[PDB]
Amino acid sequence: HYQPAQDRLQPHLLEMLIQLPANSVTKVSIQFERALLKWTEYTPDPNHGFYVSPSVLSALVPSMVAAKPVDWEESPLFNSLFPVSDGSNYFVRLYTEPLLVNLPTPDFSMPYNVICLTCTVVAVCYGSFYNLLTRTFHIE
Amino acid sequence: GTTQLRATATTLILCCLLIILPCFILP
Amino acid sequence: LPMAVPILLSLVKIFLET
Amino acid sequence: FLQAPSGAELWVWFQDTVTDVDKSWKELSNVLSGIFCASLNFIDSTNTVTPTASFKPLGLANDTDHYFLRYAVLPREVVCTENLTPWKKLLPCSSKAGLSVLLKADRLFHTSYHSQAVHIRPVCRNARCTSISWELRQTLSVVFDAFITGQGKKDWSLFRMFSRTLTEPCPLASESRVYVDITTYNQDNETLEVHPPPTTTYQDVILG
Amino acid sequence: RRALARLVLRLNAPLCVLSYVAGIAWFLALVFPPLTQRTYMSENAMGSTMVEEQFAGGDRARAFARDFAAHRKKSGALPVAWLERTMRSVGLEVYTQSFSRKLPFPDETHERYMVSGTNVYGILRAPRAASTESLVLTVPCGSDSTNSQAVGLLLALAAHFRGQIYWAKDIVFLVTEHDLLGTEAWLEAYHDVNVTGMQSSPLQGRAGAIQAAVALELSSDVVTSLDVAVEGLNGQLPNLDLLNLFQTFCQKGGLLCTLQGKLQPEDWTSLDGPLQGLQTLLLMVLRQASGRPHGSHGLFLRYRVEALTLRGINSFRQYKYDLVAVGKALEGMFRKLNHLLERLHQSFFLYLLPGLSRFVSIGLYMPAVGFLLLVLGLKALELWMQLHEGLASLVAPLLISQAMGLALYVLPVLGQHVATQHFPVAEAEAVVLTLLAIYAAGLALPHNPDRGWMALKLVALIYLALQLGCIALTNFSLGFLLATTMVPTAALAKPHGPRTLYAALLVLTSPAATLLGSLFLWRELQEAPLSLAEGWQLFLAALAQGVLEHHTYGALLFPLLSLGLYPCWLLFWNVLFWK
Amino acid sequence: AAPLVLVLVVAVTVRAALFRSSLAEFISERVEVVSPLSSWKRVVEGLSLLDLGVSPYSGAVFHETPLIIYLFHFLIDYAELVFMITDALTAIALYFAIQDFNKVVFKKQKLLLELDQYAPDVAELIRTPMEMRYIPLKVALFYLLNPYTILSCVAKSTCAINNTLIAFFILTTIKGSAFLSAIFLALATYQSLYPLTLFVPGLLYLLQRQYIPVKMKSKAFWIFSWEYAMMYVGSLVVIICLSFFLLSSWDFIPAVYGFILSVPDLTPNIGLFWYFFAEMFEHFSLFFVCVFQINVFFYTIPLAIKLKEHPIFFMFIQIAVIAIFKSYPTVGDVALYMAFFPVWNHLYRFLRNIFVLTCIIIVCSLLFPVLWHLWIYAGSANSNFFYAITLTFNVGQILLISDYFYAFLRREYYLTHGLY
Ligand SMILES: *NCCOP(=O)(O)OC[C@H]1O[C@H](O[C@@H]2[C@@H](OC[C@H]3O[C@H](O[C@H]4[C@H](O)[C@@H](N)[C@@H](O[C@@H]5[C@@H](O)[C@H](O)[C@@H](O)[C@@H](OC(=O)CCCCCCCCCCCCCCC)[C@H]5OP(=O)(O)OC[C@@H](COCCCCCCCCCCCCCCCCCC)OC(=O)CCC/C=C\C/C=C\C/C=C\C/C=C\CCCCC)O[C@@H]4CO)[C@@H](OP(=O)(O)OCCN)[C@@H](O)[C@@H]3O)O[C@H](COP(=O)(O)OCCN)[C@@H](O)[C@@H]2O)[C@@H](O)[C@@H](O)[C@@H]1O
Ligand SMILES: C[C@@H]1CC[C@@]2(OC1)O[C@H]1[C@@H](O)[C@H]3[C@@H]4CC[C@H]5C[C@@H](O[C@@H]6O[C@H](CO)[C@H](O[C@@H]7O[C@H](CO)[C@@H](O)[C@H](O[C@@H]8OC[C@@H](O)[C@H](O)[C@H]8O)[C@H]7O[C@@H]7O[C@H](CO)[C@H](O)[C@H](O[C@@H]8O[C@H](CO)[C@@H](O)[C@H](O)[C@H]8O)[C@H]7O)[C@H](O)[C@H]6O)[C@H](O)C[C@]5(C)[C@H]4CC[C@]3(C)[C@H]1[C@@H]2C
Ligand SMILES: CCCCCCCC/C=C\CCCCCCCC(=O)O[C@H](COC(=O)CCCCCCCCCCCCCCC)COP(=O)(O)OCCN
Ligand SMILES: CCCCCCCC/C=C\CCCCCCCC(=O)O[C@H](COC(=O)CCCCCCCCCCCCCCC)COP(=O)(O)OCCN
Ligand SMILES: CC(C)CCC[C@@H](C)[C@H]1CC[C@H]2[C@@H]3CC=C4C[C@@H](OC(=O)CCC(=O)O)CC[C@]4(C)[C@H]3CC[C@]12C
Ligand SMILES: CC(C)CCC[C@@H](C)[C@H]1CC[C@H]2[C@@H]3CC=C4C[C@@H](OC(=O)CCC(=O)O)CC[C@]4(C)[C@H]3CC[C@]12C
Ligand SMILES: CC(C)CCC[C@@H](C)[C@H]1CC[C@H]2[C@@H]3CC=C4C[C@@H](OC(=O)CCC(=O)O)CC[C@]4(C)[C@H]3CC[C@]12C
Ligand SMILES: [Mg+2]
């Protein structure tokens, strides 16, 4: 199940039910392109990076020995955290490491100068076309 | 101490305005 | 300002011609 | 026993009678921020997700409609005494008696791992489980490094871990016990050494 | 206007000469106080804090050094079992990576054809923080019976660091094998980029996003001076903040640290100080123009991590510093790096260093290249306006020169198997001999009307200006060195005039001749002369190393040169000999 | 013709060789070559999203029109063949359009020569069939072998398809065909909003070809203009309504046109909108985006005033202005109006500042990848370097286009009044 993110409105969500083979390592890789944001949309520390939320791993890990049905009112509190459905399987919810990714950043000190320069570039075309369309050729 | 964001009026506005007006319009 | 410098000249020329 | 992601993690299960799940989600996030002195007001549509097959209810559930589930996590949220004090003030003994006296802020954060959790869920009132009873489980998991805390001492103690020893149980509690794992995985049925003789020894299949 | 065009016509030669002299003089004025600036911190995260060093494990480092040396002698390679046991003992989270590669040709200098090795690294997981950031302390270990003291000091530093709580970033203690080959394999596997075709086992443990690294090379019990190397692969440099961090601990610990092996005091007496500044600046320029990774730090800079190499030298100077002092300096550097709350973005990334505590930013040395490029621009304008005062004649020289450049790039690595069968030469020597033979065959033009030659020379000048400017932006030293030699001869070349003199000036400033002159200048600056025979031997070794590094590490000097700068010079050769 | 076939073969061979090279991946990811509305990876992503049951317009990666997804659903295979065929078809359309335009302009020149409307001695300015023989071939050669077009088709960008649509609009307009010109202009407006500005040049050329004086008092002009406008609007409305039914939703209109008009991506490009809106105060964001999108449509009317009797040059200038001031410009868009340069190369004698501007454009183009690499991968440069390169590139483009316009005006004035 995958839902796509919308800019400034939704995060990406990607859920998979993978069957891990015995004595193996399974690699789940997905490609991403970093996005350039507005100069006011960055954190106060914009060169530190942006944190990707840790991934959640839910599984029914097999057990060495079978567990008898437990009574939540007569058992230690650490044994009643998760409901147990099968004797030979127990439920674990692992969380992976947070990921620190850096986005490309604007200058943060160039809002006036960029406005001036881009406006000047536009005005170059404006003035040249205005001259060419308005004025007419004359001798001497 | 620190520096607030202030426009470089003399450095850039004058330059990028005198690159347009005397280059195209006035003369 | 680069937009308005030639426009004002045109308006002044029109006013002089009228 | 229990694992949580870095920073704040808030996943909640709304009742089927609710209508505006997102509005109640925002209101509850702000209220929890006020209660626990954490910046949970940053939980927005950009952070919130609705898992389709994960984070099933941890208590009694008639049906599992994920339309009523919201899960948000703030990986950069910090946890400190500013968050532990509201958490400690929600216990009946409130660090005055029982095992809560061991919760020293300096020692708890001198750790490789530290997690503060608040879990609310409905459980069976009796063995027949025909009725609903509400359970609140406030947990605090820490891991003491062998090189930082021990510094080569190679001997562990309650005093050496929490800068404080247990003195009295919480008078409100109907059960206050300390479990120390003494299993030797390699030795033939031997056990770890504990200086004071335990009241009893309990064996069961925990985590497989 | 027409008057401006006529004025350009009349004064092209004086303007070009004045511009070239101005560029040379501007480069030679880079070492003077108006243009050179004293280095400053510019990073408050590291300048507003202080550290109290408590490194006392100077005997543990020596014992580890003796143990590692004995085990390396016994094993005949990097002792993996001992390293993994000792890292576990000191408390690191030890891992192992096994890599392998086949070199294009035998490497005579390092004595390797197919390289197989293992990288041992242990990660100090930072308490009170998730594994999101990382600092690397690496020891480049090669089959040279060296760096045992560096390994011992690395292990002692790891033992000291492990018991502390004030780490916001994981620390990776990496012991590579086969010098920079192991570092490149480890970096490629860590970042999951297959950039050079290295084979390696998948990595099982990572410490998050690497932020800074320090490579330690030490082969003596006591040092007399620390040395810092900043220039990296492809002329890339770390942020100046890392260099300022290293240099600010020399005053703190009373250490004697040198740049390029030269100790330049702060006296800056006008009689002698600028000469030492120029010596250091020229050494840095040549080293940056070579484009090779001089230490293990050079391969780190490609992945946007600021890296430094801190060599230790024992060189008869009476005041011998201690391993404890070196460890204290390293501990302070790593603690101040840990004080960083974000990636190094302050200070500067493009600079030249006429001394350990002096620097020149990009806005202050760029005029040196720009003045030289102005000569090419003026000559191109003059040729354009003289033309305004032939596709068939141009396409043949253009295609022939580009094809010969492509052959110079592609042919030498291949054909060694073919050439060795017929000729009594080695596989490694066949590559260099093929390089030289193709270089000469380019001179021997097979194929070989004023407008044709002015058009061809104008195209060549525009192409040369493009390449010189683009190289100068990425690697100023390479661009400056290429411009200084090719601009005057490219401008001067023309069929009408002294053809023998023009041919001599063109040949003597070809990229091969520029490389030979650079080698001679380098050896002269290191106070170690060269006869013609040993200079030729060093030139051949440099050619072999430059060809090898393009495959091994991805150095751009060989492909860039042999594909863009050789055909462009052949265009000027064809201009000189026009039909 | 044989030379046209030879040029087509050379271009196809070069494109195929670059397709099979190792530089295809490098080219495919260039910000100068691909754009948020034209990347091939985004086409593949939007096609893969439909297989998951997710609408491709619910995300922020896919911004292409339903017609593109329908075309590439059937033709997801042979994509490189599709793009090579589109480039060849653009070359063919431009070749034949220019070949017919040369005949039309020679007939006009012969008419005003017979009427002696020109100056007594303008023999040098007189166009001759010998000089116009290889202009159609050079038009197709400046497009097929342009490095911009080669990169834009090797990267598999739909910019090539939009260029083919514009070229077929030009061809149909030059060969009468008001219906086909309206359909192709509607298709071009479908892919990118800006090509709607070419409506005035197309209408002017059609009126001139049909010999209707363009006068306010004239009624035939109004009748023909109304027919052409209704035909264009109907062809656009039918396309919009039909392509609604592909996903049975209107979500494509935001993801395409609101994306084009509001510039939400802010991803580096050769354009001038990426930084202006990254480094921008939010007080004036709406005002300045309105001004910048007005800029593209600003010059069509005053250009029509001056160039009423020269509609093809007006169309060329309009294409150039679109390619320069588009919200998400591309080197492929820039390469479409550089295919017209051989047409106007008879204006060379009146062209000032040609060498410097060509050198500046070449320098900026070669410097885009180098400074992009320094900023992004090397880390030793800022976004300021890339912004400066975009500024210089666009200034060079603007000055080159105004320079050709000035040369055209000079030639007209000399023809009318007398060359000395
Ligand atoms: N207790 C107590 C406390 O203390 P106290 O006491 O208080 O005290 C202390 C303090 O201190 C401090 O202070 C401060 C600080 O600050 C810090 C900061 O940081 C950051 O920032 C930074 C940044 O980052 C960086 N980046 C930088 O940047 C810069 C900026 O900013 C500035 O502004 C400037 O500089 C910029 O620039 C500019 O601006 C420029 C502009 C101007 C001018 C313009 C020009 C004009 C025009 C031109 C010409 C004309 C034309 C005509 C001609 C004819 C920047 O810089 P950069 O960036 O570096 O860069 C620059 C640039 C770039 O580059 C460019 C280049 C380009 C390339 C090339 C070009 C093209 C070429 C072409 C080719 C040729 C052609 C050929 C042809 C021929 C043929 C034959 C014929 O940029 C730009 O923009 C540029 C512009 C562009 C323009 C244009 C274009 C181009 C060109 C055109 C021309 C020409 C061409 C054509 C033609 C020719 C030929 C033809 C013939 C006819 O900045 C800063 C630094 O400073 C920030 O932060 P962050 O961290 O980042 O973040 C945060 C938030 N989140 C800020 O904010 C801050 O503030 O500190 C400082 C220092 O630092 P350092 O580190 O040390 O340093 C660094 C450096 N790097 C100081 O200073 C201050 O004051 C305070 O604040 C506090 O902190 C403390 O406390
Ligand atoms: C001829 C052909 C054609 C093309 C070409 O050649 C061929 O033409 C060439 C030519 O045309 C060149 C240009 C010429 C003009 C140049 C101008 C130049 O800017 C000036 O550069 C000077 C260099 O000495 C000073 O800048 C210092 O540069 C040092 C690095 O080299 C910094 O180290 C220092 O700042 C440090 O800041 C932190 C402090 O702790 C330190 O003590 C201080 O050293 C800077 O100086 C600082 O510069 C700042 C502006 O950026 C402020 O001015 C600041 O002032 C402080 O202001 C505070 C209040 O705000 C006050 O409290 C405090 O006391 C002051 O100190 C000032 O210290 C000066 O400053 C700054 O302007 C710019 O870099 C490059 C430049 C464009 C050139 C780029 C390349 C070119 C185009 C060449 C090009 C190839
Ligand atoms: C003939 C055909 C083509 C000829 C040339 C083609 C190749 C040219 C390509 C690149 C050459 C341009 C060199 C880049 C200039 C870099 C300078 C720069 O960025 O400086 C930065 C600051 O720069 C600025 O402030 C504004 C820079 C404006 C640059 C304008 C001039 C650049 C190019 C002009 C012409 C180049 C040569 C032309 C000759 C033919 C950093 O400054 P600092 O020193 O770090 O800080 C100290 C205090 N602020
Ligand atoms: C591949 C990735 C980056 C590559 C960058 C290259 C892209 C450049 C593409 C287009 C830039 C061109 C912009 C201006 C085009 C001018 C159009 C034009 O045809 O003007 C023509 C004028 O041409 C010029 O003046 C420009 C030539 C002067 C400088 C260019 C030549 C030197 C540049 C070569 C550098 C690279 C060389 C490498 C091997 C070729 C008119 O000629 P004509 O009218 O047919 O003459 C007969 C009179 N009856
Ligand atoms: C790259 C262009 C500008 C120049 C061409 C290469 C030069 C850098 C080379 C070519 C021949 C070389 C010379 C060949 C022979 C000698 C003799 C030898 O010097 C001595 O005899 C030392 C003094 C003594 O005689 O005892 C070594 C340096 C020198 C001058 C060499 C210096 C470097 C030279 C000039
Ligand atoms: C084929 C052509 C002729 C179609 C012409 C229609 C466009 C001009 C319209 C159709 C949909 C419109 C967009 C619909 C939604 C938005 C989002 C809107 O931003 C918001 O979310 C603000 C909402 C609010 O203001 O309440 C800004 C305008 C924009 C881009 C609109 C801009 C104008 C668009 C592209
Ligand atoms: C469609 C053609 C035939 C008419 C000419 C188009 C442009 C001259 C102008 C007219 C109205 C303008 C739009 C009016 C409203 C908006 C909403 C505005 O929404 C936002 O505030 C988000 C973007 C931002 O603020 O940066 C974005 C610009 C946009 C699409 C404008 C873009 C430029 C437009 C299309
Ligand atoms: Mg900062």
# chains A, B, ... in the order shown; residues from 1 in each chain; ligands from 1
>>> residues_near_ligand(ligand="ligand 1", cutoff="7 Å", atoms="only C-alpha atoms and all ligand atoms", output="ChimeraX atom specification")
/A:43-46,107-110,113-114 /B:1-3,12,15-16 /E:42-43,345-348,377,380-381 /F:355-356,359-360,363-364,382,384-385,387-389,391-392
>>> write_last_selection(atoms="N, CA and C atoms", output="CSV table (one decimal), in the first residue's frame")
chain,number,residue,atom,x,y,z
A,43,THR,N,14.4,25.1,8.5
A,43,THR,CA,14.5,25.2,10.0
A,43,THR,C,15.6,26.3,10.3
A,44,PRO,N,15.6,26.7,11.6
A,44,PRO,CA,16.7,27.6,11.9
A,44,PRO,C,18.1,27.1,11.7
A,45,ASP,N,18.3,25.8,11.7
A,45,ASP,CA,19.5,25.2,11.3
A,45,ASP,C,19.3,24.4,10.0
A,46,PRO,N,19.4,25.1,8.9
A,46,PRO,CA,19.1,24.5,7.6
A,46,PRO,C,20.2,23.6,7.0
A,107,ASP,N,20.4,31.0,-0.5
A,107,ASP,CA,21.5,31.7,0.2
A,107,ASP,C,21.0,32.2,1.6
A,108,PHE,N,19.8,32.5,1.8
A,108,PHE,CA,19.2,33.0,3.0
A,108,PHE,C,19.7,34.4,3.3
A,109,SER,N,20.6,34.9,2.6
A,109,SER,CA,21.1,36.3,2.7
A,109,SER,C,21.0,37.1,1.4
A,110,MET,N,20.2,36.5,0.4
A,110,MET,CA,20.1,37.1,-0.9
A,110,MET,C,18.7,37.2,-1.4
A,113,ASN,N,18.9,41.1,-3.2
A,113,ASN,CA,19.8,41.1,-4.4
A,113,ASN,C,19.2,40.2,-5.5
A,114,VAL,N,18.6,39.1,-5.1
A,114,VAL,CA,18.0,38.2,-6.2
A,114,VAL,C,16.8,38.9,-6.8
B,1,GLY,N,25.6,39.8,19.6
B,1,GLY,CA,25.7,40.7,18.3
B,1,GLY,C,25.2,39.9,17.1
B,2,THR,N,24.9,40.6,16.0
B,2,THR,CA,24.6,39.9,14.8
B,2,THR,C,24.3,40.8,13.6
B,3,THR,N,23.9,40.4,12.5
B,3,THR,CA,23.5,41.3,11.3
B,3,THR,C,22.1,41.0,10.9
B,12,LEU,N,24.0,47.5,-5.3
B,12,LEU,CA,23.3,46.7,-6.3
B,12,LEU,C,22.1,47.4,-7.0
B,15,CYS,N,23.7,50.0,-9.3
B,15,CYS,CA,24.3,49.3,-10.5
B,15,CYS,C,23.3,48.8,-11.4
B,16,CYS,N,22.3,48.0,-11.0
B,16,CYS,CA,21.4,47.4,-11.8
B,16,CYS,C,20.3,48.3,-12.3
E,42,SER,N,35.3,32.0,12.2
E,42,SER,CA,34.1,32.2,11.4
E,42,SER,C,33.0,31.2,11.7
E,43,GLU,N,33.2,30.2,12.6
E,43,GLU,CA,32.2,29.3,13.0
E,43,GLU,C,32.1,29.3,14.5
E,345,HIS,N,29.3,24.9,6.9
E,345,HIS,CA,28.8,25.7,5.7
E,345,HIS,C,29.5,27.1,5.7
E,346,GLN,N,30.0,27.5,6.9
E,346,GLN,CA,30.7,28.8,7.1
E,346,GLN,C,32.1,28.7,6.5
E,347,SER,N,32.9,29.8,6.9
E,347,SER,CA,34.3,29.8,6.3
E,347,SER,C,34.2,29.8,4.8
E,348,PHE,N,35.1,29.0,4.1
E,348,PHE,CA,35.3,29.0,2.6
E,348,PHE,C,35.6,27.6,2.1
E,377,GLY,N,40.4,36.2,-25.2
E,377,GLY,CA,39.2,36.9,-25.7
E,377,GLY,C,39.6,38.0,-26.6
E,380,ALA,N,40.7,36.4,-29.9
E,380,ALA,CA,39.5,36.0,-30.7
E,380,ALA,C,38.8,37.1,-31.3
E,381,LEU,N,38.6,38.2,-30.6
E,381,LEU,CA,37.9,39.4,-31.2
E,381,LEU,C,38.7,39.9,-32.4
F,355,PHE,N,28.9,38.0,-32.3
F,355,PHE,CA,30.0,37.2,-31.8
F,355,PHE,C,30.0,37.1,-30.3
F,356,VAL,N,29.9,38.2,-29.6
F,356,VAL,CA,29.9,38.3,-28.2
F,356,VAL,C,28.7,37.5,-27.6
F,359,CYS,N,29.1,33.7,-28.1
F,359,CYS,CA,30.1,33.2,-27.2
F,359,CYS,C,29.6,33.2,-25.8
F,360,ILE,N,28.8,34.2,-25.4
F,360,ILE,CA,28.2,34.2,-24.0
F,360,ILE,C,27.2,33.0,-23.9
F,363,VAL,N,29.2,29.8,-23.6
F,363,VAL,CA,29.9,29.7,-22.3
F,363,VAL,C,28.9,29.3,-21.2
F,364,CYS,N,27.8,30.0,-21.2
F,364,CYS,CA,26.7,29.7,-20.1
F,364,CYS,C,26.3,28.2,-20.2
F,382,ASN,N,27.7,27.7,-4.2
F,382,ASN,CA,26.4,28.0,-3.7
F,382,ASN,C,25.4,27.8,-4.8
F,384,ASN,N,24.1,30.5,-5.7
F,384,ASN,CA,24.4,31.8,-6.3
F,384,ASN,C,25.1,31.7,-7.7
F,385,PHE,N,26.0,30.7,-7.8
F,385,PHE,CA,26.8,30.5,-9.0
F,385,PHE,C,25.8,30.0,-10.1
F,387,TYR,N,22.6,30.5,-10.2
F,387,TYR,CA,21.7,31.7,-10.5
F,387,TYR,C,22.3,32.7,-11.4
F,388,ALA,N,23.6,33.0,-11.2
F,388,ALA,CA,24.3,33.9,-12.0
F,388,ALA,C,24.4,33.3,-13.4
F,389,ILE,N,24.7,32.0,-13.6
F,389,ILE,CA,24.7,31.4,-14.9
F,389,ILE,C,23.4,31.6,-15.6
F,391,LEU,N,21.1,33.9,-15.1
F,391,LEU,CA,20.9,35.3,-15.4
F,391,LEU,C,21.7,35.6,-16.7
F,392,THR,N,23.0,35.2,-16.8
F,392,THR,CA,23.8,35.5,-18.0
F,392,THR,C,23.2,34.9,-19.2
>>> residues_around(residues="residue 446 in chain E", least_positions_apart="6", cutoff="12 Å", atoms="only C-alpha atoms", output="compact mmCIF listing (two decimals) with C-alpha atoms, in the first residue's frame")
# COMPACT_ATOMS: atom_id res chain seq x y z
CA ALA E 396 39.20 17.52 -41.32
CA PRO E 397 41.53 19.10 -38.69
CA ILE E 400 41.36 14.38 -36.75
CA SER E 401 42.33 16.20 -33.55
CA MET E 404 43.42 11.48 -31.80
CA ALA E 440 53.79 12.03 -31.09
CA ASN E 574 47.24 22.68 -37.44
CA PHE E 577 50.94 24.24 -40.19
CA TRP E 578 48.03 25.18 -42.44
CA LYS E 579 47.59 22.91 -45.46
>>> select_by_dssp(residues="chain D", states="helix (DSSP H, G or I)", output="ChimeraX atom specification")
/D:21-36,40-42,66-68,81-88,98-102,105-108,158-162
>>> residues_around(residues="residue 92 in chain A", least_positions_apart="3", cutoff="8 Å", atoms="only C-alpha atoms", output="PyMOL selection string")
chain A and resi 57-61
>>> write_last_selection(atoms="N, CA, C and O atoms", output="mmCIF file, in the first residue's frame")
data_model
loop_
_atom_site.group_PDB
_atom_site.id
_atom_site.type_symbol
_atom_site.label_atom_id
_atom_site.label_comp_id
_atom_site.auth_asym_id
_atom_site.auth_seq_id
_atom_site.Cartn_x
_atom_site.Cartn_y
_atom_site.Cartn_z
ATOM 1 N N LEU A 57 8.796 -1.746 11.999
ATOM 2 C CA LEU A 57 8.841 -3.144 11.579
ATOM 3 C C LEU A 57 7.997 -3.978 12.532
ATOM 4 O O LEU A 57 8.370 -4.166 13.693
ATOM 5 N N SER A 58 6.874 -4.491 12.038
ATOM 6 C CA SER A 58 6.006 -5.381 12.795
ATOM 7 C C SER A 58 6.145 -6.792 12.248
ATOM 8 O O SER A 58 6.089 -6.995 11.031
ATOM 9 N N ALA A 59 6.320 -7.763 13.140
ATOM 10 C CA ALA A 59 6.518 -9.139 12.717
ATOM 11 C C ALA A 59 6.083 -10.083 13.825
ATOM 12 O O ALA A 59 5.926 -9.687 14.980
ATOM 13 N N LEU A 60 5.884 -11.343 13.451
ATOM 14 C CA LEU A 60 5.605 -12.425 14.389
ATOM 15 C C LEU A 60 6.829 -13.338 14.379
ATOM 16 O O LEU A 60 6.895 -14.306 13.622
ATOM 17 N N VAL A 61 7.800 -13.014 15.221
ATOM 18 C CA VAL A 61 9.075 -13.739 15.225
ATOM 19 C C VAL A 61 8.873 -15.114 15.855
ATOM 20 O O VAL A 61 8.224 -15.219 16.911
#
>>> atom_distance(atom1="atom 39 (C, counted along the ligand's line) of ligand 2", atom2="CA of residue 343 in chain E")
20.4 Å
>>> closest_residue(among="A:89, A:117, A:99, A:55", to="ligand 3", atoms="only C-alpha atoms and all ligand atoms")
A:117
>>> residues_near_ligand(ligand="ligand 2", cutoff="9 Å", atoms="only C-alpha atoms and all ligand atoms", output="PyMOL selection string")
(chain B and resi 3) or (chain E and resi 19+23+34-42+347-348+351+359-374)
>>> residues_around(residues="range 1-16 of chain C", least_positions_apart="3", cutoff="10 Å", atoms="only C-alpha atoms", output="PyMOL selection string")
(chain A and resi 119-120+122-124+126-127+130-131+134) or (chain B and resi 16-18+20-21+24-26)
>>> atom_distance(atom1="CA of residue 79 in chain F", atom2="CA of residue 157 in chain F")
10.2 Å
>>> closest_residue(among="D:64, D:176, D:81, D:100", to="chain A", atoms="only C-alpha atoms")
D:176
>>> closest_atom_pairs(of="chain A", to="chain E", cutoff="9 Å", atoms="only C-alpha atoms", output="JSON lines")
{"residue": "A:45", "atom": "CA", "partner": "E:342", "partner_atom": "CA", "distance": 6.8}
{"residue": "A:46", "atom": "CA", "partner": "E:342", "partner_atom": "CA", "distance": 8.0}
{"residue": "A:47", "atom": "CA", "partner": "E:343", "partner_atom": "CA", "distance": 5.5}
{"residue": "A:48", "atom": "CA", "partner": "E:342", "partner_atom": "CA", "distance": 4.0}
{"residue": "A:49", "atom": "CA", "partner": "E:342", "partner_atom": "CA", "distance": 7.7}
{"residue": "A:51", "atom": "CA", "partner": "E:132", "partner_atom": "CA", "distance": 8.8}
{"residue": "A:97", "atom": "CA", "partner": "E:131", "partner_atom": "CA", "distance": 6.4}
{"residue": "A:98", "atom": "CA", "partner": "E:132", "partner_atom": "CA", "distance": 6.4}
{"residue": "A:99", "atom": "CA", "partner": "E:132", "partner_atom": "CA", "distance": 6.0}
{"residue": "A:100", "atom": "CA", "partner": "E:132", "partner_atom": "CA", "distance": 5.9}
{"residue": "A:101", "atom": "CA", "partner": "E:209", "partner_atom": "CA", "distance": 7.9}
>>> write_last_selection(atoms="C-alpha atoms", output="short mmCIF file (atom, residue, chain, number, x, y, z; two decimals), in the first residue's frame")
data_model
loop_
_atom_site.label_atom_id
_atom_site.label_comp_id
_atom_site.auth_asym_id
_atom_site.auth_seq_id
_atom_site.Cartn_x
_atom_site.Cartn_y
_atom_site.Cartn_z
CA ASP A 45 19.52 25.16 11.34
CA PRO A 46 19.07 24.48 7.59
CA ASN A 47 22.53 22.96 7.03
CA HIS A 48 21.97 20.36 9.74
CA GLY A 49 19.46 18.44 7.62
CA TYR A 51 14.98 14.07 9.81
CA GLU A 97 17.27 4.56 13.00
CA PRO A 98 16.20 8.11 12.12
CA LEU A 99 17.67 9.36 8.85
CA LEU A 100 19.28 12.78 8.46
CA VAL A 101 19.10 14.07 4.88
#
>>> residues_near_ligand(ligand="ligand 6", cutoff="12 Å", atoms="only C-alpha atoms and all ligand atoms", output="PyMOL selection string")
(chain A and resi 7-9) or (chain F and resi 65+185-197+232-241+243-244+250-264+285-286+289-290+293)
>>> residues_near_ligand(ligand="ligand 4", cutoff="7 Å", atoms="only C-alpha atoms and all ligand atoms", output="ChimeraX atom specification")
/E:398,458-460,462-463 /F:146-148,338,341-342,345-346,348,354-355,358-359,361-362,365-366
